[PDB]
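One chain is shown next in structure tokens, namely the form deposited in one PDB entry.
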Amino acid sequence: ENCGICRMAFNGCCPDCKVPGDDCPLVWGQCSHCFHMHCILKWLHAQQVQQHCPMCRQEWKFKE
């Protein structure tokens, strides 16, 4: 069976990981659907609001 986002096999990696062979773990939802972590990450990042700082208008980014 295949990841719902990238439509590549679960038993293999997502498109980012094919060339350089990085680890590409799977994740599961309570709804029972499985995705490559990398794929669902792109999804969740795009769908989530970009938060701002509680105290100013700037996008919230952690200082590293």
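Residues that one form lacks are left out of the comparison. Whichever C-alpha set is largest while still superposing within 1.5 Å between the two forms counts as the rigid core. In case it trips you up, residue 1 is the first one in the sequence shown, and so on.
Quick note: we don't show the form deposited in another entry, though the next part is all about it.
Annotation for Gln47: C-alpha shift under 2 angstroms between the shown form and the other one, rigid core superposed. The Cα shift for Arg57 between the shown form and the other one, taken after rigid core superposition, is 2 angstroms or larger. Core-superposed comparison between the shown form and the other one: residues with C-alpha shifts of 2 Å or more form a single run of three or more, at 48-64.
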